[PDB]
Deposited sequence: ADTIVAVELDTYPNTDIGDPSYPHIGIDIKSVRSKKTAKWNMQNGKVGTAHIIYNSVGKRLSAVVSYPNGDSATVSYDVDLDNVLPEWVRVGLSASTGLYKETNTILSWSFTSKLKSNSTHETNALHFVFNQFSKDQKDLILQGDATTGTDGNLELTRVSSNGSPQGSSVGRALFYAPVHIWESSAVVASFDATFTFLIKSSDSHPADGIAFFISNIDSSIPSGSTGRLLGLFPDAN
């Protein structure tokens, strides 16, 4: 199965599989049941920004999600990604809806990994119809209003259900290297989760996985496009 690490922006509490019973951000290590989470207020319809930070030195994966009004949620988790990820990965974004749904619009995404140096840095503030440096998967499409919609949206402006989608950066990343003194990465992305459903679902993740990683099957709704199941 795909080796996955992820920061999840989890708009839907699936508390029969580990979610806390609020909207939450989570660090996911090889499982969809977050090693760590934090209560997150998903502000409907607002543009949000997620920052994920990790370095090999402090070995603490962190993520803040916040919105323009100042609310903000943080999560950190002490872990050595040298022991969970393969040397070469892909990075990307993943989203899903299920029974409930939302827009999973990504408005920008930037990523930096370094190995001190080797370094890879990319930034998308405007995505194209034909984004040739993004591998799109499942429902994800880009363009031409400069957005990445990771989950199937519908003409009048509408989040459908039972949708998954991800975009990985095309180039694989060398995310660690054992002689590296420092192997760090940060990623940032801004998103617009909107819903008029009774509850939005299910969320946006930033993820690193093996380079060949795909959408496991039946991974919509609560498995966020990251896992074959909820183990």
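Could you give the ranges of the deposited sequence that carry no C-alpha coordinates?
Residues lacking C-alpha coordinates: just 117-122.
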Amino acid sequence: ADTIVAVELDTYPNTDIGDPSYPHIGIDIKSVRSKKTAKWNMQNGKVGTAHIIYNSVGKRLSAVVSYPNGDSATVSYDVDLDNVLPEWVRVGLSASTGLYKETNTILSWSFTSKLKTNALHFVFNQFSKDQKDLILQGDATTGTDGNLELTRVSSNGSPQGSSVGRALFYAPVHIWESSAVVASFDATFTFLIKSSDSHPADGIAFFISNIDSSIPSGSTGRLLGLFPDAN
From here on, numbers count along this sequence of modelled residues.
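Do the C-alpha atoms of 154-162 or of 140-148 have the higher average B factor in the entry?
Looking at the recorded C-alpha B-factors, 154-162 comes out higher on average.
Which is higher on average in the deposited entry, the C-alpha temperature factors of 103-111 or of 126-134?
According to the PDB entry, the answer is 126-134.
Compare the CA B factors listed in the entry for 196, 190, 55, 62 and report the winner.
Highest C-alpha B-factor among the listed residues goes to 196.
Ranked against its chain, the third holding the CA B-factor of residue 11:
Lowest third.
With respect to C-alpha B-factor, does residue 179 fall in the lowest, middle or highest third of the chain as deposited?
Residue 179: CA B-factor falls in the highest third of its chain.
Would the CA B-factor of residue 32 place it in the lowest, middle or highest third of its chain?
Residue 32: CA B-factor falls in the middle third of its chain.
Looking at the temperature factor on the CA atom of residue 78, which third of the chain's modelled residues does it land in?
Answer is lowest: the recorded C-alpha B-factor places it there.
Splitting the chain's C-alpha B-factors into thirds, which one does residue 4 fall into?
For residue 4, whose C-alpha B-factor we compare with every modelled residue in the chain, the answer is the middle third.
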